[PDB]
Amino acid sequence: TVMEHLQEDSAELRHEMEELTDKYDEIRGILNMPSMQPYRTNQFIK
RNA sequence: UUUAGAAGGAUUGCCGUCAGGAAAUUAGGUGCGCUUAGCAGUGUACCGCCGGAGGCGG
């Protein structure tokens with residue numbers, strides 16, 4: 001999977017990555033994603 | 001004080017045609033049922049008498 005590639009880049013990705021967007025440094029975002037947090041409640045949660 | 005509190009599933013319909021189950025057989029030898037006993041609520045409810053339902057004699 002793409003997930004396992006962005007954990008340890010193998011170029012197999014980096015080769016194919018950098019030739020269509022020139023922006024893989026920004027995308028590699030999908031690594032330190034923020035965690036979901038409970039901040040309020042509504043009438044639809046039990 | 002409940003994974004709290006809410007809810008229309010609904011209308012219609014052609015399953016059909018045909019057919020060889022079949023041949024063979026040894027269920028057999030034994031055997032202690034057996035002590036005791038009272039059928040009935042009285043064995044029936046009969047003749048009359050008053051008296052417009054309820055009563056009284058033998």
Side-chain angles (χ1 to χ4, degrees), chain A residues 1-2 4 6-11 14 16 18-22 24-46:
Chain A
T1 76
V2 165
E4 301 165 0
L6 275 98
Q7 302 157 4
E8 301 181 358
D9 302 358
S10 64
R14 251 291 191 182
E16 224 151 343
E18 202 65 9
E19 47 213 342
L20 306 106
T21 175
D22 197 10
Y24 170 87
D25 305 357
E26 279 142 328
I27 296 180
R28 205 180 88 93
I30 306 182
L31 254 287
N32 300 0
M33 263 183 329
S35 50
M36 217 172 190
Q37 305 299 151
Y39 61 112
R40 72 173 309 177
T41 326
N42 47 17
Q43 80 171 3
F44 292 103
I45 292 174
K46 307 272 188 171

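Naming: A, B, ... by sequence-line order, numbering from 1 per chain.
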Based on the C1'-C2'-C3'-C4' dihedral, does B:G28 have a north or a south sugar? north
Decide between north and south for B:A53, the convention being positive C1'-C2'-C3'-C4' for north and negative for south. north
Please find the pair of heavy atoms, one from A:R28 and one from A:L6, that lie closest to each other, and give the distance. NH1-O, 3.1 Å
Test of understanding: clusters of I, L, V, M, F, W, Y form through side-chain heavy atoms closer than 4.5 Å, transitively. Do A:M33 and A:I27 belong to the same one? no
B:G41 and B:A40, neighbours in the strand: six-membered ring centres under 5.5 Å and planes under 30°? no
Pucker class of B:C18, where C1'-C2'-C3'-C4' positive means north and negative means south: north
Judged by the sign of the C1'-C2'-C3'-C4' torsion, with positive meaning north and negative meaning south, the sugar of B:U17 is north
Rounded to the nearest 0.5 Å, how far does CZ of A:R14 lie from CD of A:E19? 11.5 Å
Quick check on B:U25: syn or anti? Syn means the glycosidic torsion is within 90 degrees of zero. anti
Do both conditions hold for B:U36 and B:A37, namely six-membered ring centres separated by less than 5.5 Å and ring planes inclined at less than 30°? yes
B:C32 glycosidic conformation (syn if within 90° of 0, otherwise anti) is syn
P spacing across the pair B:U1 / B:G5, given as an integer number of angstrom: 12 Å
Distance, rounded to the nearest Å, where A:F44 contributes CZ and B:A6 contributes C1': 11 Å
Tell me whether B:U12 sits syn or anti, counting syn as a glycosidic angle within 90° of 0. anti
Given atom NZ of A:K46 and atom P of B:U1, what is their separation to the nearest angstrom? 16 Å
B:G8 and B:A4, which share atom name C1', separated by this distance in whole Å: 25 Å
Can you tell me, in whole Å, how much space there is between the P of B:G57 and that of B:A53? 22 Å
Considering residues, nucleotides and ligands other than A:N42, do more than 12 of their heavy atoms fall under 6.0 Å from its CG? yes
Between B:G58 and B:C14, is a Watson-Crick or G-U wobble pair present, with both distances under 3.5 Å? no
Pick the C1' atom in B:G58 and in B:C47, then give their distance to the nearest Å. 9 Å
Is there stacking between B:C34 and B:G33 - six-membered ring centres closer than 5.5 Å and planes within an angle under 30°? yes
Stacking test, B:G31 against B:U30: centre separation of the six-membered rings below 5.5 Å and plane angle below 30 degrees, yes or no? yes
I want to verify the glycosidic state of B:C46; is it syn or anti under the 90° rule? anti
Suppose you measure atom P in B:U44 against the same atom in B:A40; what distance do you get, rounded to whole Å? 15 Å
When the P atoms of B:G16 and B:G20 are compared, how many Å lie between them, rounded to an integer? 24 Å
Interatomic distance at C1', B:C18 relative to B:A10, whole Å: 41 Å
Here B:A37, assessed by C1'-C2'-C3'-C4' with north positive and south negative, has its sugar south
Taking the P atom in each of B:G28 and B:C32, what is the distance between them to the nearest angstrom? 24 Å
Do we see a donor-acceptor contact under 3.5 Å between the side chains of A:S35 and A:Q37? yes
Output the rounded distance in Å from CD (A:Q43) to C1' (B:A6). 11 Å
G-U wobble or Watson-Crick pair formed by B:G48 and B:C56 (both under 3.5 Å): yes
Complement of B:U3, any strand, by Watson-Crick or G-U distances under 3.5 angstrom: none
